[PDB]
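This report concerns only the one structure given below.
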Amino acid sequence: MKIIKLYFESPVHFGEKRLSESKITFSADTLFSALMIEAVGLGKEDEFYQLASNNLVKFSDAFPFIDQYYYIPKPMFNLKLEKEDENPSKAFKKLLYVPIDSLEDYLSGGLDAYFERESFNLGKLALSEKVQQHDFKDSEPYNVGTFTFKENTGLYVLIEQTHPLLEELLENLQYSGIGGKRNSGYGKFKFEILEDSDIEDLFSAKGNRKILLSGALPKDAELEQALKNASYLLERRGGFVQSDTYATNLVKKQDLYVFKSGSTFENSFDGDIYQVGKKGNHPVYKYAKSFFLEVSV
RNA sequence: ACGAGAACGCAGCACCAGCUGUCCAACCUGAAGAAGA
């Protein structure tokens, strides 16, 4: 609908559990954490939480885009309707991201397996050997896993009904970086809200199977409804609370397990914004609302 | 309230030691002060 295209001017660290490795995309909870930190910066975190918790600003995570080819993580189809031909094997296993316009072609079969992966080339992971210099003690060598994008390549975020407050927050997020070592020379980007036309048709479509496009956790009421004929995958969303005004020390947060952003469901559920920091003096939130892409097998 | 925050790939270290721009080789060859002053 409103593809937010992020163009990075420096390698990024989007780490999953440790500093030595980086991954190529950031999730929607990472982006909501960044925007909430910005909103606390300019004093309107309450309105941002109200907007996001009232579904007025719901977004997917960051997917790759290459030369105006919007990519999506390989949807978790049950592949019950492809054993007749093609390769129902590890051929469709190294394939990580498929284009979002060619999903119905992929879903019905006929998309090349080998061709896509070499076609899908956006930069490469990098080592960044660093140290903590000590005058008389020994220096502390550490490395930061980073990732540099190509020239005409970056990440894109699906947002429904962009908001003036969200536009104000994304301007502030340009100059504070996104990702791991952003205060070091890594997090840096410029964005374009970039309304799009061939994409809004995919989300105005209909179909039996729904593709989850944001790492989401169902409410306790609809977990049973969503966990029926579903092909999902959990992932722990924890780590350390990034704030200088929380718990007067460096404390971890309650690990949250959410459905991955490639899972497929027959029942649409609306996730929740989860309180994962309670013992501290501000609400640490895990954005886990649901963003879907309905298809028909 | 971004698997986070904080963290110099940094410190010491002579592009240096030995080595004739030397050896051989002729500034050499060929050539009248006459003639009617």
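Every chain is numbered from 1, with letters handed out A, B, ... down the list of sequences. FYI, side chains are in, hydrogens and waters are out, and symmetry mates aren't considered; it's all heavy atoms of this structure.
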Linking directly or through intermediates, with side-chain heavy atoms under 4.5 Å: list the remaining ILVMFWY members grouped with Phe115(A), chain and number order. none
Could you check which of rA7(B), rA1(B), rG3(B) has an atom nearest any side-chain atom of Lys181(A)? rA7(B)
Of all the nucleotides listed (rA1(B), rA7(B), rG3(B)), which has the minimum atom distance to the side chain of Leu19(A)? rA7(B)
Remember a base hit wins even if backbone is also touched, and classify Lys252(A) as base, sugar-phosphate or nothing at under 4.0 Å, heavy atoms. base
For a quick check of understanding: with a heavy-atom distance under 4.0 Å over all strands, which category does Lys23(A) fall into, base, sugar-phosphate or nothing? nothing
Which residues, if any, of [range] bring a heavy atom under 4.0 Å of RNA chain B?
| range | value |
| --- | --- |
| residues 169-179 of chain A | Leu173(A), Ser176(A), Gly177(A), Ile178(A), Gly179(A) |
| residues 281-293 of chain A | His282(A), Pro283(A), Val284(A), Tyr285(A) |
| residues 4-17 of chain A | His13(A), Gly15(A), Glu16(A), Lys17(A) |
| residues 123-144 of chain A | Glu129(A), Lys130(A), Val131(A), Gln132(A), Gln133(A), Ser139(A), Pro141(A), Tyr142(A) |
| residues 26-41 of chain A | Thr30(A), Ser33(A), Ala34(A), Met36(A), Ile37(A), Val40(A) |

Is the gap between the ring centers of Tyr246(A) and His282(A) under 6.0 Å? yes
Can the ring centres of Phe63(A) and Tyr71(A) be said to be less than 6.0 Å apart? no
Just the dot-bracket of RNA chain B, please: which string comes out with Watson-Crick or G-U pairs under 3.5 Å, [ ] for crossing, | for another strand? .....................................
Using residues 264-274 of chain A as the side-chain source, report each donor-acceptor pair under 3.5 Å to any protein atom, sequence neighbours left out, with the distance given to one decimal.
unit_1    : atom_1 : unit_2    : atom_2 : d
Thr264(A) : OG1    : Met76(A)  : O      : 2.4
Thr264(A) : OG1    : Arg209(A) : NH2    : 2.6
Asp270(A) : OD2    : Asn55(A)  : ND2    : 3.0
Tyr274(A) : OH     : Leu217(A) : O      : 3.1
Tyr274(A) : OH     : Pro218(A) : O      : 2.9

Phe32(A) vs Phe48(A), ring-ring contact (aromatic ring centres under 6.0 Å, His included): CA-CA, chis, key distance, verdict: CA-CA 10 Å; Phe32(A) 183 84; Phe48(A) 188 54; 5.0 Å; yes
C1'-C2'-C3'-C4' for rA32(B): north (positive) or south (negative)? south
Mind telling me the pucker class of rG21(B), north or south, from the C1'-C2'-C3'-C4' torsion? south
For residues [X] and [Y], is any side-chain donor paired with an opposing acceptor at under 3.5 Å?
| X | Y | answer |
| --- | --- | --- |
| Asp61(A) | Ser214(A) | no |
| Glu45(A) | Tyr49(A) | no |
| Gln242(A) | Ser33(A) | no |

Tell me if the side-chain of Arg182(A) makes a donor-acceptor pair with the base of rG5(B), cut-off 3.5 Å, by modelled atom types. no
Would you check, one step at a time, whether the test ring-ring contact (aromatic ring centres under 6.0 Å, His included) holds for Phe259(A) with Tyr232(A)? CA-CA 6 Å; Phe259(A) 298 158; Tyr232(A) 73 93; 4.5 Å; yes
If you take all heavy atoms of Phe291(A) and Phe59(A), which pair is closest and at what distance? CD1-C, 3.9 Å
Nearest non-hydrogen partners of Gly215(A) and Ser261(A), listed with the distance: N-CB, 4.0 Å
Does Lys23(A) qualify as a cation-pi partner of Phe147(A), given the criterion of NZ or CZ under 6.0 Å from the six-membered ring centre and within 45 degrees of its axis? no
Atom-pair distance (NZ on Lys188(A); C1' on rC2(B)), nearest Å: 18 Å
With [X] via side chain to side chain donor-acceptor pair (under 3.5 Å) - residues at least two apart:
| X | answer |
| --- | --- |
| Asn183(A) | none |
| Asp29(A) | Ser27(A), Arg237(A) |
| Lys74(A) | none |

Answer yes or no: is there an ion pair linking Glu192(A) with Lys5(A), defined by an N-O contact shorter than 4.0 Å? no
Distance-only check: which donor-acceptor pairs under 3.5 Å involve side-chain atoms of residues 95-111 of chain A, not counting sequence neighbours?
unit_1    : atom_1 : unit_2    : atom_2 : d
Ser108(A) : OG     : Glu104(A) : O      : 2.7
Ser108(A) : OG     : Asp105(A) : O      : 3.3

Distance test, side-chain N/O of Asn183(A) to OP1/OP2 of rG5(B), below 4.0 Å: no
Go through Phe189(A) and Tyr7(A) one step at a time and tell me if the ring-ring contact (aromatic ring centres under 6.0 Å, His included) criterion holds. CA-CA 5 Å; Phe189(A) 68 98; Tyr7(A) 312 95; 9.7 Å; no
